[PDB]
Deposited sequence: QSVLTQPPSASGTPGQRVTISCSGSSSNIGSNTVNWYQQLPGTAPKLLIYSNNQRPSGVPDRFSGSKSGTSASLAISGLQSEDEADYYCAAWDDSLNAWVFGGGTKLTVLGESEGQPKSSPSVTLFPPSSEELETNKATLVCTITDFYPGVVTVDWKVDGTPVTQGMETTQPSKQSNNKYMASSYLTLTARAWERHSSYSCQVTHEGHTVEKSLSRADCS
């Protein structure tokens, strides 16, 4: 994919930029288009040919492209701009469109709040079934976007992970949970386990030993 920051934020009236980093075969060789997706709705065209706006798109949205990177700037942030933004470019090597991973833009309506992370080991009851699930709970964060990374004996995990979409809490901040699924034999083969939660420019890592 094209690499985008998971989250971008600002207070109303501020100027916020969203980066989109690709490679020579896509952004390096072709124009970038941007799509805005409001929650639960279909995407819409926001920017085309790097910096052109279709009718209906306000001039506070602007695009640029340089080398293998593209950028979307939103000036004078308005509450209705809160949405997911995706960049996209044709890839000459794959003969395919490549989309960015998306950026949720939050228009700050409360101060930022870092996540509270708790890591739970598998229970002996579950281990009896030959499965092991570690649970990483994440609460009280705002904006409502986190990235979760897991490690086993210091090595990054690439499989057996699932993370919930963040949902609103009683207090109007966000919560999410992440799961690491292993076999009971894999759990017994390793010692150190960690869940790392990235929120804005703040990373929190919780660890345990089997």
Residue ranges with no C-alpha coordinates, please: along the deposited sequence, counted from 1, in order.
1-2, 111-114, 217-220
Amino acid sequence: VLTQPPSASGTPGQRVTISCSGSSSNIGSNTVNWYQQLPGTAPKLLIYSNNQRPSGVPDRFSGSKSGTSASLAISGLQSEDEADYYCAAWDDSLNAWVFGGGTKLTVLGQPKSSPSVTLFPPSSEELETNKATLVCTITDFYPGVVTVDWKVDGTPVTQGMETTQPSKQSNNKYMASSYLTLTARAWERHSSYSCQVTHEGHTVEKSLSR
From here on, numbers count along this sequence of modelled residues.
107-115 versus 130-138: which one carries the higher mean Cα B factor per the record?
107-115
Higher avg CA temperature factor (155-163 vs 39-47, as deposited) belongs to 155-163
Please work out which residue in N33, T147, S178, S66 has the highest C-alpha B-factor recorded for this crystal structure.
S66
Using the B-factor values recorded in the entry, state whether the Cα atom of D84 falls in the lowest, middle or highest third among the modelled residues of its chain.
lowest
Can you work out whether the C-alpha temperature factor of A184 puts it in the lowest, middle or highest third of the chain?
middle
By its CA B factor, does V1 count among the lowest, middle or highest third of the modelled residues in the chain?
highest
Please say which third, lowest, middle or highest, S23 falls into when its CA temperature factor is compared across its chain.
middle
Entry-reported Cα temperature factor of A96, expressed as the chain third it lands in:
highest
